[PDB]
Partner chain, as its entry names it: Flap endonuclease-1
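To begin, one chain is listed below as structure tokens, in the form solved without the partner chain.
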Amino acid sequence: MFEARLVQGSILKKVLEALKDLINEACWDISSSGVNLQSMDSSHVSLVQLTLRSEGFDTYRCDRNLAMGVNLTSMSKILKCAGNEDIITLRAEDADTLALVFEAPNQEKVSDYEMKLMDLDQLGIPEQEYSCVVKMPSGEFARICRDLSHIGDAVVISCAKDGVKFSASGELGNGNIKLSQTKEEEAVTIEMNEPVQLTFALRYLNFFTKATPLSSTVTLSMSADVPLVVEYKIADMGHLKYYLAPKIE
């Protein structure tokens, strides 16, 4: 038996809203340490990695390590029935279904759902040092990608110790954004150690941006010929990293 309790139900709500259109099916991998999800997107370009930790949950227990294939879209549906202040409570029974329990606080309302669960079959993500690491705000990164998605299909991200520039070009013109190294946690911090210039796909960056309601900031980690890492930290919980290789032939 596995029964984890999360006071911050909105966190689950937001995770699933993020991933629901990115992947359709994913193997949540339940452990003594916490929850882990590693997957490639349906078109097998980007790579998602979610980590939630025992310590984050109000209550956590896991007597057998589980490997649940879940339909992201169906879980999205079931969680959408939860208020953004409910105490979601996940539970299984070494397992054919996944039980969810929403508990709206300060109201005698209690919801109790069971999701049909899938048979699904990992992958490698080597923690490595990155040439440059921008910690900017989530809203601004979102904004920037949204806007440049109307000029071109791809984005050119250039970095150095003075600031970060994001560029794009299409049939309908040319465009540049220039952010400068900058107080209240709403500032840019480039810690670049090497001349990093990389091109990525705005479709998939915009897919990444949906985790924005999870963090006020977002870090972008990158080096030559190495998949970009967009990470949104969750809280006490771990993180929701996104990996995208730049386009080269």
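C-alpha atoms forming the largest set that superposes within 1.5 Å between two forms make up the rigid core. Residues that one form lacks are left out of the comparison. Residue numbers count along the first chain shown, from 1.
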Subject >> Entries skipping residue 53: at least a third of other ones >> reply: no
Subject >> At least a third of the other entries leave residue 183 unmodelled >> reply: yes
**OP:** Going by the record, give me the number of deposited-sequence residues missing between residue 182 and residue 183 as none, 1 to 3, 4 to 9, or 10 or more.
**Re:** 4 to 9
**OP:** Check the residues of the deposited sequence separating residue 121 from residue 122 and report how many of them have no coordinates, as none, 1 to 3, 4 to 9, or 10 or more.
**Re:** 1 to 3
Original post:
Out of 34 to 42 and 185 to 193, which one has CA B-factors that are higher on average in the deposited record?
Top reply: 185 to 193
**OP:** Would you determine, from the values in the PDB entry, which of 122 to 130 and 173 to 181 has the greater average C-alpha temperature factor?
**Re:** 122 to 130
**OP:** Going by the CA temperature factor in the entry, name the top one among 240, 229, 12, 235.
**Re:** 235
Subject >> Identity of residue with top Cα B-factor, from 108, 147, 96, 112 >> reply: 108
Original post:
How does residue 221 rank on Cα B-factor within its chain, lowest, middle or highest third?
Top reply: middle
Original post:
If you rank the chain by CA B-factor, which third does residue 73 end up in: lowest, middle or highest?
Top reply: lowest
**OP:** Sorting the chain's modelled residues by C-alpha B-factor, tell me whether residue 208 ends up in the lowest, middle or highest third.
**Re:** middle
**OP:** Ordered by C-alpha B-factor within the chain, which third holds residue 163? Give me lowest, middle or highest, please.
**Re:** highest
Subject >> Where the record places residue 101 (Cα B-factor, split into thirds across the chain) >> reply: lowest
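Omitted from view is the form solved in complex with the partner chain, to which the following refers.
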**OP:** Select from the listed residues 95, 90, 133, 160 the one whose heavy atoms reach within 4.5 Å of the partner chain in the deposited complex.
**Re:** 95
Original post:
Which of 59, 32, 216, 42 has a heavy atom within 4.5 Å of the partner chain in the deposited complex?
Top reply: 42
Original post:
Counting only non-hydrogen atoms and a 4.5 angstroms cut-off, does residue 227 reach the partner chain in the deposited complex?
Top reply: yes
Original post:
Any chance residue 46 has a heavy atom within 4.5 Å of the partner chain in the deposited complex?
Top reply: yes
Subject >> Contact flag, residue 245 vs the partner chain in the deposited complex, heavy atom cut 4.5 Å >> reply: yes
**OP:** Consider residue 68 of the chain shown here, and say whether it contacts the partner chain in the deposited complex, taking contact as heavy atoms within 4.5 Å.
**Re:** yes
Original post:
Using a 4.5 Å cut-off on heavy atoms, what residues in 122 to 143 are near the partner chain in the deposited complex?
Top reply: 122, 123, 124, 125, 126, 128
Original post:
So which segments really shift between the shown form and the other one, if a segment has to be 3 or more residues long and each C-alpha must move 2 Å or more after the rigid core fit?
Top reply: 42 to 44, 183 to 185
